[PDB]
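Participant: pasting an experimental structure with its sequence.
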Amino acid sequence: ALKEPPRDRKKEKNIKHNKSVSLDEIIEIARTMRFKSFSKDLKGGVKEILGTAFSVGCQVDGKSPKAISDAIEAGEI
Amino acid sequence: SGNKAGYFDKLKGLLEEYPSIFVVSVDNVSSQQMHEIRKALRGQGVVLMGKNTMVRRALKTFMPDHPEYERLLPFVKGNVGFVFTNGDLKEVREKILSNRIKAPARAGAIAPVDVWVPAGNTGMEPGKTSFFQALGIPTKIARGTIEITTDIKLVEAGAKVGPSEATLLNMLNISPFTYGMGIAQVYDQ
Amino acid sequence: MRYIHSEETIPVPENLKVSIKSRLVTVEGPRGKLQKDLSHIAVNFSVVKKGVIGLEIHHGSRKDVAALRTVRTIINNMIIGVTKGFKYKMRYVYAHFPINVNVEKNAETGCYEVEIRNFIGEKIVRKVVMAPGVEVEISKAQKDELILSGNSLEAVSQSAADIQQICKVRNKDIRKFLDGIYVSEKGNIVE
Amino acid sequence: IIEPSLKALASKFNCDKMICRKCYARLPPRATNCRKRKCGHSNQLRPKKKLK
RNA sequence: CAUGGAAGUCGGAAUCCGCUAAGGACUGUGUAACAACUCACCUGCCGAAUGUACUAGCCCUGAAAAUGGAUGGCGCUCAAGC
Ligand SMILES: [Mg+2]
Ligand SMILES: [Mg+2]
Ligand SMILES: [Mg+2]
Ligand SMILES: [Mg+2]
Ligand SMILES: [Mg+2]
Ligand SMILES: [Mg+2]
Ligand SMILES: [Zn+2]
C-alpha cells in the first residue's frame, strides 16, 4: 500500500520497480496488525521479519531492510 | 554441524536446572500437532526431542551431578522424547494429552476394529452414485439425496480397506484412527 | 587377499523337512518336494542350532566368496516355494487385432501347452509347451488376464519368459507397435 | 487405442533403455558400462531417445 | 508485484524471519490459480565402514590376405606360464 505515489493505470506495462518506500517506525506500526501470527516469542522475531520483508524496496536511502533486521539494536516498541 | 555443536550445550544446560523430566513416546504425529502443543505450552515448560543419546547422557552419568541418570540409562529404546517443565507431576499427568487428531485412512490402512456405516441419509449430490455402484452398495435417491437402505460391511477388522471405500471415508468423516500423545513410564512410577 | 572365514545362516520354519547328501539338497513339505544339485560349489554345510542351517567357505577368494549369497538365496527360494508356492500374472496388449489364446488341458501327460492365434492379425497358429509342474489359468477375476502358478520359481519364470519371447514384431518400429504379451505381477499363492 | 497404464507397462520393456555408443547394445536404464566384450566394456552410453 | 488467472511453479527483480533435529518466498508434478501429492531436509530401524579422484602390474578390446602349419613338436592351468 505504501509503495510510491500512485500506481496510475496503463503504467504497469513497462517495468514497475518504482515502489521504493521509507524505512521508519511506520512499518513497525503496520507490523502490529500481523502481531506475530506464527509464534515469534514476544514478537521480536516478527519485528525483524516484517522489517526485512520489504527486501525488494531495500529500506530507505543507504539503509537496507536486511541490515536493519539483522542489527538487533532497536527498541522493542 | 553448527546445530550439532549447539545441541550439546543446550542438553547439558537444560538437564541440571529442571529437577523434573517427563518422557513422551511420540510416533508418526503430524508436524502441526507439535506446533500447536508447543504454542499451548509456550508459557510454561519447553519441549524438545532429538536423535538417540547413546553417550550424551552417559557423560553426565560419569561425573556425580545426578546419580539418578544411570538409573534412567536403559529406558531409551527409540523415538522417545523428553519434556522439561517445572510444573507438578500430577498437573502434567494429563496436560499434554489434549488435541487428539482424527487421522483419515491412507488407502489401505489396516483398520483394527470393524468399520460400519449407521443407517441414515448422506445428503450429498446424487452425481456421486457411480462411487456407490463401484462397491455395489444398495442406495436409493430420495429428495436428491443418496440413502443407504441396508447396512453393508465395509472391511473386516485387521483387513486392508478397499481404495474406493477409503476415499469415500474421507468425505464421510468417519475413521477408526485417533492419533494422540503417548505417555511413557517416567522415573519408575 | 584371501578371506579366512565367511559364513551365512538360514532359519527353517516348523513345517517342512530338508535333507542334504553329497551337496544335493532335498526339500519336502506340505505342498510337495523339490530337488537341487550343488556339486559345482565348494561349500561346508552345518547345523548351527535347532532350527538354523549354516554354510561357510574357508580361505576363499573374492570370486569364490561372491557365490555364497547366491547359494543362500537359491535355497531360501526353494523353502519359500515349498511352503507358499509362486504365482505370476501377465497381460495382453493389442491395438487393433485382438489376440486369442487357448490353454487346452493336459496332453496325455503333465505338461501344459498354450496356443496363440491372431497376433497382430497374423494367421500363424503358434504353440509353446511349458515344463511340468506349472499350472495355467485364464483369469475370471477381471478381463484379459493370464495366471501362471507353480512350486518352483525357475520353472514358473522360465515359462513366463517363453511366452514373453514368443510374441515379437519384426521389420517394424517397436516404439510405435507396442503389440504383445507381457508379465505384470509376481507374488505368492498364499496371501 | 491403448489405455495409459498398459502403454506404460509395454513401454517399460522396449522404450526406456541405455544404448552403448560402440556396439549399439541395449542396456538397463541405470547401467554405467556396456556388458559386451567386443567393445571393451566401454562407458560411453547414451539414452534411447523417445518417439514424438 | 504484474495477474481471467500465475497463493513457489507465464513472468520481473528480490529471496527475510518464526519454531525445530528438520519441514521451502519452494523439488517437481498438479492446478484458471491455489490446494493436494511428492521432493529436499531431518528423524524412526539398522550396526562399520564409506565416497571421490589419480598411479602402475597382469589380462582383455583396439588387432584384416590369399596351398594346410607351426613357443621346434606333442602338450601344459596351486603350470610344463610370468
Ligand atoms: Mg520399413
Ligand atoms: Mg593381446
Ligand atoms: Mg603361440
Ligand atoms: Mg626350445
Ligand atoms: Mg608355486
Ligand atoms: Mg623344457
Ligand atoms: Zn558396448
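Facilitator: Yep, that arrived. Numbering: from 1, shown residues only, chains lettered A, B, ... in the order given. Ligands and ions are numbered 1, 2, ... in the order given.
Participant: buried residues, stretch C:43-57. List them.
Facilitator: Within stretch C:43-57, the residues that count as buried by 16 or more other C-beta atoms under 10 Å in any protein chain shown are C:43, C:53, C:55, C:56, C:57. For every residue, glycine as well, the C-beta is placed using N, CA and C.
Participant: residues in contact with the last one?
Facilitator: Counting by C-beta atoms under 8 Å, 6 or more residues apart in numbering or on different chains, residue C:57 makes contact with C:3, C:5, C:6, C:7, C:42, C:43, C:44, C:64, C:65, C:68.
Participant: how many neighbours does residue 51 have?
Facilitator: Defaulting to chain A. Using other C-beta atoms under 10 Å in any protein chain shown, the number of residues around residue A:51 comes to 22.
Participant: try chain D instead
Facilitator: By other C-beta under 10 Å, neighbour count at residue D:51 equals 10.
Participant: phi, psi of it?
Facilitator: Residue D:51 has phi and psi values of phi -100, psi 130 when expressed as degrees, to the nearest 10.
Participant: skip the chain neighbours and tell me the closest residue to it.
Facilitator: If the residues on either side of it in the chain are set aside, residue D:51 comes closest to residue C:175, at 4.1 Å by C-beta to C-beta, 6 or more residues apart in numbering or on different chains.
Participant: in which helix or strand would I find that neighbour?
Facilitator: Under the criterion of DSSP states H and E, residue C:175 resides outside all helices and strands.
Participant: phi, psi of it?
Facilitator: phi -70, psi -20.
Participant: what do you get for residue D:11?
Facilitator: Residue torsions, per degrees, to the nearest 10, at residue D:11 are phi -70, psi -30.
Participant: repeat for residue C:159
Facilitator: Dihedral angles for residue C:159 - degrees, to the nearest 10 - are phi -60, psi -40.
Participant: which stretches of chain C form helices?
Facilitator: Remark: helices assigned in chain C by DSSP state H are C:62-84, C:153-166.
Participant: take these and lay them out in TSV including mean neighbour count.
Facilitator: Below are these laid out as TSV (neighbours: other C-beta atoms under 10 Å in any protein chain shown):
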stretch	mean neighbour count
helix C:62-84	15
helix C:153-166	17
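Participant: which one of those helices lies nearest to chain D?
Facilitator: With C-beta to the nearest C-beta as the criterion, chain D lies closest to helix C:153-166 of the helices of chain C, at 8.1 Å.
Participant: so which residues of chain B form strands?
Facilitator: Shown for chain B, the strands assigned by DSSP state E span residues B:21-24, B:46-48, B:81-84, B:139-142, B:145-148.
Participant: nearest approach to ligand 7 belongs to which of these?
Facilitator: Closest of those to ligand 7 is strand B:81-84, at 54.3 Å (criterion: C-beta to the ion).
Participant: doesn't residue C:50 make contact with residue C:14?
Facilitator: No - when contacts are counted by C-beta atoms under 8 Å, residue C:14 is not listed as touching residue C:50 (9.9 Å).
Participant: in chain A, which residue sits closest to chain D?
Facilitator: Here chain A gets closest to chain D at one residue, residue A:13, 36.9 Å apart by C-beta to the nearest C-beta.
Participant: correction: chain B
Facilitator: Closest point on chain B to chain D, by C-beta to the nearest C-beta, is residue B:163, at 14.8 Å.
Participant: need the buried residues of stretch C:43-57 in TSV (columns: distance to residue C:163).
Facilitator: TSV is the format used below for the buried residues of stretch C:43-57 (distance: C-beta to C-beta, whole Å):
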residue	distance to residue C:163
C:43	35
C:53	35
C:55	35
C:56	40
C:57	38
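Participant: looking at those residues, which are in strands?
Facilitator: Residues of those located in strands (DSSP E): C:53, C:55, C:56, C:57.
Participant: among those residues, which one lies nearest to ligand 7?
Facilitator: Nearest to ligand 7 among those, counting by C-beta to the ion, is residue C:57 at 33.5 Å.
Participant: bridged to the closest one, which residues?
Facilitator: Beta-bridge partners of residue C:57, counted by DSSP bridges, are residue C:6.
Participant: so which bits of chain D are right by ligand 7?
Facilitator: Contact residues (C-beta under 5 Å from the ion) of chain D with ligand 7: D:20, D:22, D:23, D:25, D:34, D:36, D:39.
Participant: tell me the contacts of the third one?
Facilitator: Pointing back at residue D:23 there. Listed by C-beta under 8 Å, 6+ apart, the contact set of residue D:23 reads D:34, D:36, D:38, D:39.
Participant: buried ones among these?
Facilitator: By neighbour count, with 16+ other C-beta under 10 Å, the contacts of residue D:23 hold D:34, D:39 as buried.
Participant: redo the contacts of residue D:23 as TSV? Include secondary structure.
Facilitator: Output for the contacts of residue D:23, formatted as TSV (DSSP: H, G, I helix; E, B strand; the rest coil):
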residue	secondary structure
D:34	coil
D:36	coil
D:38	coil
D:39	coil
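Participant: okay, how far is it across stretch A:16-35, tip to tip?
Facilitator: Stretch A:16-35 has an end-to-end distance of 30 Å (C-alpha to C-alpha, to the nearest Å).
Participant: what sits against the closest residue to residue C:134 other than its chain neighbours?
Facilitator: Distances taken as C-beta to C-beta, 6+ apart place residue C:150 nearest to residue C:134, at 4.4 Å, with adjacent residues excluded. Residues in contact with residue C:150 (C-beta under 8 Å, 6+ apart) are C:85, C:86, C:133, C:134, C:135, C:156.
Participant: quick one: the fourth one and residue C:147 touch, right?
Facilitator: By that I understand residue C:134. No - with contact defined as C-beta under 8 Å, residue C:134 does not count as touching residue C:147 (10.9 Å).
Participant: out of the two, which sits in the busier spot?
Facilitator: Set side by side, residue C:134 and residue C:147 show more neighbours around residue C:134, with 22 against 17, by other C-beta under 10 Å.
Participant: tell me the contacts of the more buried one?
Facilitator: By C-beta under 8 Å, 6+ apart, the contact list for residue C:134 reads C:112, C:148, C:149, C:150, C:155, C:156, C:159.
Participant: and with 6 Å instead?
Facilitator: Taking C-beta atoms under 6 Å, 6 or more residues apart in numbering or on different chains, we find residue C:134 in contact with C:150, C:155, C:156, C:159.
Participant: nearest to ligand 7 among those?
Facilitator: Closest approach between the contacts of residue C:134 and ligand 7, by C-beta to the ion: residue C:159, at 30.8 Å.
Participant: the closest one: what's its closest spatial neighbour, skipping adjacent residues?
Facilitator: Excluding its sequence neighbours, the residue lying closest to residue C:159 (C-beta to C-beta, 6+ apart) is residue C:130, at 4.1 Å.
Participant: what's the local residue count around that neighbour?
Facilitator: Number of residues near residue C:130 (other C-beta under 10 Å) recorded here: 22.
Participant: and the gap between it and residue B:44?
Facilitator: Distance of residue C:130 to residue B:44, given as C-beta to C-beta, to the nearest Å: 73 Å.
Participant: equivalent analysis for residue B:126, please.
Facilitator: Computed with C-beta to C-beta, the distance linking residue B:126 and residue B:44 is 53 Å.
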